[PDB]
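work_27.txt (compact mmCIF, C-alpha atoms and all ligand atoms)
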```
# COMPACT_ATOMS: atom_id res chain seq x y z
CA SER A 1 0.00 0.00 0.00
CA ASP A 2 2.98 2.37 0.04
CA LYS A 3 2.40 3.59 -3.53
CA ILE A 4 -1.34 4.22 -3.32
CA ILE A 5 -2.58 7.80 -2.89
CA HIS A 6 -5.02 8.36 -0.03
CA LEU A 7 -7.90 10.52 -1.32
CA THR A 8 -10.59 12.49 0.46
CA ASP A 9 -13.67 14.30 -0.74
CA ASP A 10 -11.87 17.64 -0.35
CA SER A 11 -8.64 16.55 -1.97
CA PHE A 12 -10.24 14.95 -5.03
CA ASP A 13 -10.06 17.94 -7.35
CA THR A 14 -6.46 18.79 -6.48
CA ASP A 15 -5.16 15.22 -6.57
CA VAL A 16 -7.19 13.66 -9.37
CA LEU A 17 -8.77 16.29 -11.56
CA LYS A 18 -5.58 18.32 -11.91
CA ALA A 19 -3.34 15.25 -12.04
CA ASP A 20 -0.52 14.98 -14.53
CA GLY A 21 -0.91 11.64 -16.38
CA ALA A 22 -3.38 8.82 -15.92
CA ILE A 23 -4.74 8.08 -12.45
CA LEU A 24 -6.73 4.95 -11.51
CA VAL A 25 -9.14 5.53 -8.59
CA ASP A 26 -10.42 2.58 -6.51
CA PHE A 27 -13.75 3.18 -4.67
CA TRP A 28 -13.85 0.73 -1.71
CA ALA A 29 -15.04 0.09 1.85
CA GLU A 30 -13.81 -2.18 4.58
CA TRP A 31 -16.96 -4.29 4.61
CA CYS A 32 -16.52 -5.01 0.88
CA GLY A 33 -15.13 -8.49 0.36
CA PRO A 34 -14.34 -8.24 -3.36
CA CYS A 35 -12.69 -4.87 -2.67
CA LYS A 36 -10.26 -6.52 -0.28
CA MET A 37 -9.62 -9.28 -2.83
CA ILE A 38 -8.30 -6.82 -5.44
CA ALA A 39 -6.19 -4.74 -3.02
CA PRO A 40 -3.01 -6.77 -3.62
CA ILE A 41 -3.50 -6.64 -7.37
CA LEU A 42 -3.62 -2.83 -7.15
CA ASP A 43 -0.27 -2.89 -5.31
CA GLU A 44 1.27 -5.02 -8.06
CA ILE A 45 -0.09 -2.71 -10.75
CA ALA A 46 1.21 0.36 -8.85
CA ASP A 47 4.72 -1.13 -8.99
CA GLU A 48 4.49 -2.40 -12.55
CA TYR A 49 3.10 0.84 -13.98
CA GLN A 50 5.13 3.19 -11.79
CA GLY A 51 5.92 6.27 -13.80
CA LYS A 52 3.02 5.69 -16.27
CA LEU A 53 0.07 5.50 -13.88
CA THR A 54 -0.83 6.73 -10.38
CA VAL A 55 -3.14 4.51 -8.33
CA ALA A 56 -5.39 6.03 -5.66
CA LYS A 57 -8.10 4.94 -3.21
CA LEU A 58 -11.24 6.55 -1.86
CA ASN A 59 -12.98 4.88 1.08
CA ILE A 60 -16.68 5.60 0.58
CA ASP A 61 -17.61 5.17 4.27
CA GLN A 62 -15.20 7.94 5.22
CA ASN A 63 -15.84 10.13 2.13
CA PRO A 64 -19.43 9.73 1.02
CA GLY A 65 -19.57 12.79 -1.25
CA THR A 66 -17.56 11.69 -4.26
CA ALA A 67 -19.11 8.40 -5.45
CA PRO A 68 -22.54 9.94 -6.09
CA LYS A 69 -21.03 12.55 -8.38
CA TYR A 70 -19.77 9.81 -10.72
CA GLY A 71 -22.97 7.77 -10.51
CA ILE A 72 -21.20 4.89 -8.75
CA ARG A 73 -23.74 2.29 -7.70
CA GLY A 74 -21.60 -0.59 -6.38
CA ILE A 75 -18.03 -1.34 -5.22
CA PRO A 76 -15.38 -2.02 -6.13
CA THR A 77 -15.54 0.43 -9.00
CA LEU A 78 -12.36 1.54 -10.80
CA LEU A 79 -12.36 4.95 -12.55
CA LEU A 80 -9.50 5.77 -14.96
CA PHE A 81 -9.04 9.58 -15.22
CA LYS A 82 -7.01 11.40 -17.85
CA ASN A 83 -6.94 15.20 -18.28
CA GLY A 84 -9.65 15.82 -15.67
CA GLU A 85 -12.22 13.45 -17.07
CA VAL A 86 -13.22 9.81 -16.79
CA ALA A 87 -11.64 7.90 -19.68
CA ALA A 88 -12.90 4.40 -18.73
CA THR A 89 -14.51 2.54 -15.86
CA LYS A 90 -14.70 -1.03 -14.62
CA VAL A 91 -17.19 -2.31 -12.06
CA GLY A 92 -16.55 -5.42 -9.96
CA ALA A 93 -13.56 -7.54 -9.10
CA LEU A 94 -11.18 -8.73 -11.81
CA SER A 95 -7.87 -10.58 -12.10
CA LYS A 96 -4.48 -8.98 -12.58
CA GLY A 97 -4.43 -10.08 -16.25
CA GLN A 98 -7.86 -8.50 -16.89
CA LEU A 99 -6.76 -5.29 -15.16
CA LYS A 100 -3.63 -5.09 -17.31
CA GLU A 101 -5.68 -5.51 -20.47
CA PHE A 102 -8.13 -2.85 -19.35
CA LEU A 103 -5.22 -0.45 -18.67
CA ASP A 104 -3.36 -1.20 -21.88
CA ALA A 105 -6.55 -0.50 -23.88
CA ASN A 106 -6.65 2.99 -22.41
CA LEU A 107 -3.07 4.11 -21.86
CA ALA A 108 -2.14 3.96 -25.55
CU CU A 201 2.56 -0.62 -0.75
```

Could I get this structure in the form of structure tokens?
Amino acid sequence: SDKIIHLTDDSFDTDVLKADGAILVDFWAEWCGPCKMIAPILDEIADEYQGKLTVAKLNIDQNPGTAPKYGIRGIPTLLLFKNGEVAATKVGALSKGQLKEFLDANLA
């Protein structure tokens, strides 16, 4: 977890919307089983894509204001932002290989 940015409702614009480069945002909660299943895969991706992608997390129990703005309905949900806008989304758990394919489809 050392390479994952900790987001809050108030820091979202500064950290995500004005980010340089692609940022992957994980919407999670402690009670969410599938969310905890993909946590290690996000750490692997953070290492593997270091320098090309920033990974971040937003706990929806602690920051309830952001999810509703993006129409999130379930967790985990992954949002891929580029240039201040959502470029792609993925709802539900997935394997490392599926995540890599999803990223590669959007990073160029
Ligand atoms: Cu770490």

Exercise. Which polymer residues have any atom within 12 Å of an atom of residue 48 of chain A, counting all atoms listed in the file, with same-chain residues fewer than 5 positions away left out, as an MDAnalysis selection string?
Worked result: chainID A and resid 3 41:43 53:55 96 99:100 103

For this session: Name the closest residue to residue 26 of chain A among the candidates A:97, A:84, A:76, A:92; distances are taken between atoms, counting only C-alpha atoms.
Result: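 Among A:97, A:84, A:76, A:92, it is A:76 that comes nearest to residue 26 of chain A.
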
For this session: Please check which protein, DNA or RNA residues sit within 10 Å of ligand CU 201 (chain A), counting all atoms listed in the file, and write them as a list in words.
Result: residues 1, 2, 3, 4, 39, 40, 42, 43, 44, 46 and 47 of chain A

Problem set entry | Interatomic distance (Å, one decimal) between atom CA of residue 102 of chain A and atom CA of residue 75 of chain A |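 One can read the atom CA of residue 102 of chain A to atom CA of residue 75 of chain A distance as 17.3 Å.
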
Problem set entry | All residues 12 Å or closer to residue 105 of chain A, only C-alpha atoms, same chain fewer than 4 positions away omitted, as a PyMOL selection string | chain A and resi 80+87-89+98-101

Export, as a tab-separated table (two decimals), keeping the file's coordinate frame, the selected residues with C-alpha atoms.
```tsv
chain	number	residue	atom	x	y	z
A	80	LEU	CA	-9.50	5.77	-14.96
A	87	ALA	CA	-11.64	7.90	-19.68
A	88	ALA	CA	-12.90	4.40	-18.73
A	89	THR	CA	-14.51	2.54	-15.86
A	98	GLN	CA	-7.86	-8.50	-16.89
A	99	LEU	CA	-6.76	-5.29	-15.16
A	100	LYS	CA	-3.63	-5.09	-17.31
A	101	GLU	CA	-5.68	-5.51	-20.47
```

Exercise. Looking at A:19, A:6, A:73, A:107, which one is nearest to residue 85 of chain A, with distances taken over all atoms listed in the file?
Worked result: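 That would be A:19, the residue with the smallest distance to residue 85 of chain A.
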
Exercise. In Å, with one decimal, what is the gap from atom CA of residue 18 of chain A to atom CA of residue 30 of chain A?
Worked result: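 Taking atom CA of residue 18 of chain A as the start and atom CA of residue 30 of chain A as the end point, the length is 27.6 Å.
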
Exercise. Could you work out how far atom CA of residue 93 of chain A lies from atom CA of residue 22 of chain A, giving the answer in Å with one decimal?
Worked result: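 A separation of 20.4 Å between them.
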
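The nearest approach to residue 59 of chain A among the residues A:38, A:32, A:86, A:79, with all atoms listed in the file taken into account, belongs to A:32.
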
Need a file for segment 28-42 of chain A from that block: N, CA and C atoms, written as a PDB file, in the first residue's frame.
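decode_2.pdb, written as the output of this step:
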```pdb
ATOM      1  N   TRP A  28     -13.800   1.950  -2.566  1.00  0.00           N
ATOM      2  CA  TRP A  28     -13.851   0.731  -1.714  1.00  0.00           C
ATOM      3  C   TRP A  28     -14.423   1.081  -0.341  1.00  0.00           C
ATOM      4  N   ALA A  29     -14.566   0.013   0.441  1.00  0.00           N
ATOM      5  CA  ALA A  29     -15.036   0.092   1.846  1.00  0.00           C
ATOM      6  C   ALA A  29     -14.552  -1.198   2.508  1.00  0.00           C
ATOM      7  N   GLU A  30     -14.381  -1.062   3.823  1.00  0.00           N
ATOM      8  CA  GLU A  30     -13.815  -2.178   4.576  1.00  0.00           C
ATOM      9  C   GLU A  30     -14.698  -3.423   4.628  1.00  0.00           C
ATOM     10  N   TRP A  31     -15.970  -3.226   4.566  1.00  0.00           N
ATOM     11  CA  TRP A  31     -16.961  -4.294   4.609  1.00  0.00           C
ATOM     12  C   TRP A  31     -17.047  -4.991   3.261  1.00  0.00           C
ATOM     13  N   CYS A  32     -16.371  -4.457   2.249  1.00  0.00           N
ATOM     14  CA  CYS A  32     -16.519  -5.013   0.875  1.00  0.00           C
ATOM     15  C   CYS A  32     -15.514  -6.088   0.619  1.00  0.00           C
ATOM     16  N   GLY A  33     -16.009  -7.349   0.558  1.00  0.00           N
ATOM     17  CA  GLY A  33     -15.130  -8.489   0.358  1.00  0.00           C
ATOM     18  C   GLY A  33     -14.352  -8.455  -0.937  1.00  0.00           C
ATOM     19  N   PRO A  34     -15.032  -8.298  -2.074  1.00  0.00           N
ATOM     20  CA  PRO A  34     -14.342  -8.238  -3.365  1.00  0.00           C
ATOM     21  C   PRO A  34     -13.340  -7.081  -3.424  1.00  0.00           C
ATOM     22  N   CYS A  35     -13.646  -6.023  -2.694  1.00  0.00           N
ATOM     23  CA  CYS A  35     -12.689  -4.869  -2.671  1.00  0.00           C
ATOM     24  C   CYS A  35     -11.372  -5.294  -2.060  1.00  0.00           C
ATOM     25  N   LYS A  36     -11.469  -6.034  -0.938  1.00  0.00           N
ATOM     26  CA  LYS A  36     -10.256  -6.520  -0.276  1.00  0.00           C
ATOM     27  C   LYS A  36      -9.580  -7.540  -1.146  1.00  0.00           C
ATOM     28  N   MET A  37     -10.294  -8.318  -1.920  1.00  0.00           N
ATOM     29  CA  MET A  37      -9.621  -9.284  -2.832  1.00  0.00           C
ATOM     30  C   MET A  37      -8.747  -8.648  -3.882  1.00  0.00           C
ATOM     31  N   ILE A  38      -9.103  -7.445  -4.381  1.00  0.00           N
ATOM     32  CA  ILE A  38      -8.301  -6.821  -5.444  1.00  0.00           C
ATOM     33  C   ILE A  38      -7.223  -5.905  -4.876  1.00  0.00           C
ATOM     34  N   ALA A  39      -7.247  -5.643  -3.574  1.00  0.00           N
ATOM     35  CA  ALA A  39      -6.192  -4.741  -3.019  1.00  0.00           C
ATOM     36  C   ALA A  39      -4.797  -5.142  -3.382  1.00  0.00           C
ATOM     37  N   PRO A  40      -4.369  -6.418  -3.247  1.00  0.00           N
ATOM     38  CA  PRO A  40      -3.007  -6.768  -3.622  1.00  0.00           C
ATOM     39  C   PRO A  40      -2.701  -6.569  -5.076  1.00  0.00           C
ATOM     40  N   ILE A  41      -3.752  -6.790  -5.899  1.00  0.00           N
ATOM     41  CA  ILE A  41      -3.501  -6.636  -7.367  1.00  0.00           C
ATOM     42  C   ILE A  41      -3.236  -5.157  -7.654  1.00  0.00           C
ATOM     43  N   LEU A  42      -3.901  -4.266  -6.954  1.00  0.00           N
ATOM     44  CA  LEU A  42      -3.615  -2.832  -7.155  1.00  0.00           C
ATOM     45  C   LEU A  42      -2.177  -2.497  -6.745  1.00  0.00           C
TER      46      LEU A  42
END
```
